[PDB]
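The chain below stands alone and is given in structure tokens; this is the form solved without ~{N},9-dimethylpurin-6-amine (OYK).
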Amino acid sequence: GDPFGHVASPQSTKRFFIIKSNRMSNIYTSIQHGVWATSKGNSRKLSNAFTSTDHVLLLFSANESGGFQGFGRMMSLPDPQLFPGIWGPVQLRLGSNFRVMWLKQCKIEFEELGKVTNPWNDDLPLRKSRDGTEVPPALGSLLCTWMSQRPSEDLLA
């Protein structure tokens, strides 16, 4: 639902998901128009999180970028009327588009985090996260804090 506080404030419930993108151009489109889409399986998972969590955070990592480009809040359920067809033919293999509010654009490398593993993903290194991988709230909160502390990038510039 709607945000009733800042995503960094402690009293709200949060879930944190890693989003992978094969194309930087898709990230640029997401920043430009506040929109994302994911696989049908991830769409259901994110939908169930969206209705039952105060804030759903999406941590964006382009394939082979070596890290994160920023993070955003999921703002709506998948919506067939939101920017229909914006992604081109891949739209046909995805769930419906949903609104995203980008909350930080930055550069941070997985290797700057040292030996970080995800106990919710078989204790695998953060770099091996797949699209839709959930991270525990203590780690997710820290990743968003560390990203927020970095200088803001203007990735569209």
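The first residue of the shown sequence is 1; numbering continues from there. Residues that one form lacks are left out of the comparison. Take the two forms, find the largest set of C-alpha atoms that superpose within 1.5 Å, and that set is the rigid core.
A.B. asks: Mean CA B-factor: is it higher for 94-102 or for 114-122?
C.D. replies: Comparing 94-102 with 114-122, the higher mean C-alpha B-factor belongs to 114-122.
A.B. asks: Regarding 28-36 and 53-61, which shows the higher C-alpha temperature factor on average in the entry?
C.D. replies: Here the higher of the two C-alpha B-factor means belongs to 28-36.
A.B. asks: Would you mind ranking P80 by its C-alpha B-factor against the rest of the chain and naming the third, lowest, middle or highest?
C.D. replies: Top third by C-alpha B-factor.
A.B. asks: Can you tell me which third, lowest, middle or highest, the CA B-factor of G67 falls into for its chain?
C.D. replies: It belongs to the middle third of the chain when residues are ordered by C-alpha B-factor.
A.B. asks: Could you place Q11 in the lowest, middle or highest third of its chain by Cα temperature factor, using the values in the record?
C.D. replies: Highest third, going by the recorded CA B-factors of the chain.
A.B. asks: Sorting the chain's CA B-factors, does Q149 end up in the lowest, middle or highest third?
C.D. replies: Middle third of the chain for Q149's C-alpha B-factor.
Not pictured, yet referred to below: the form solved in complex with ~{N},9-dimethylpurin-6-amine (OYK).
A.B. asks: Classify as open or blocked. Procedure: superimpose site C-alphas, place ~{N},9-dimethylpurin-6-amine (OYK) with its pose in the bound PDB entry, test each ligand atom against backbone and C-beta atoms at 2.4 Å; 3 or more hits mean blocked.
C.D. replies: After the site C-alphas are aligned, the pocket of the shown chain is open to the transferred ligand.
A.B. asks: Taking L59, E109 and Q149 as the candidate spot, are all three within 4.5 angstroms of ~{N},9-dimethylpurin-6-amine (OYK) in the bound PDB entry by heavy atoms?
C.D. replies: Negative, none of the three is within 4.5 Å.
A.B. asks: Are any of the heavy atoms in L94 no more than 4.5 Å from a heavy atom of ~{N},9-dimethylpurin-6-amine (OYK) in the bound PDB entry?
C.D. replies: Within the cut-off, so yes.
A.B. asks: Closest heavy atom of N26 to ~{N},9-dimethylpurin-6-amine (OYK) in the bound PDB entry, within 4.5 Å or not?
C.D. replies: Taking the distances in the bound PDB entry, the answer for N26 is yes, it comes within 4.5 Å of ~{N},9-dimethylpurin-6-amine (OYK).
A.B. asks: Counting only non-hydrogen atoms and a 4.5 angstroms cut-off, does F83 reach ~{N},9-dimethylpurin-6-amine (OYK) in the bound PDB entry?
C.D. replies: No, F83 stays farther than 4.5 Å from ~{N},9-dimethylpurin-6-amine (OYK) in the bound PDB entry.
A.B. asks: In the bound PDB entry, does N22 have a heavy atom within 4.5 Å of ~{N},9-dimethylpurin-6-amine (OYK)?
C.D. replies: So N22 counts as contacting ~{N},9-dimethylpurin-6-amine (OYK).
A.B. asks: If we take heavy atoms and a 4.5 Å cut-off, which stretch out of 65-73, 118-126, 35-43, 50-58 is in contact with ~{N},9-dimethylpurin-6-amine (OYK) in the bound PDB entry?
C.D. replies: Selected range: 35-43.
A.B. asks: Within 4.5 Å of ~{N},9-dimethylpurin-6-amine (OYK) in the bound PDB entry, counting any non-hydrogen atom, which residues from 49-87 show up?
C.D. replies: Just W87.
A.B. asks: Superposed on the rigid core, which segments of at least three residues move by 2 angstroms or more at the Cα between this form and the one not shown?
C.D. replies: This is the sole shifted run between this form and the one not shown: 10-12.
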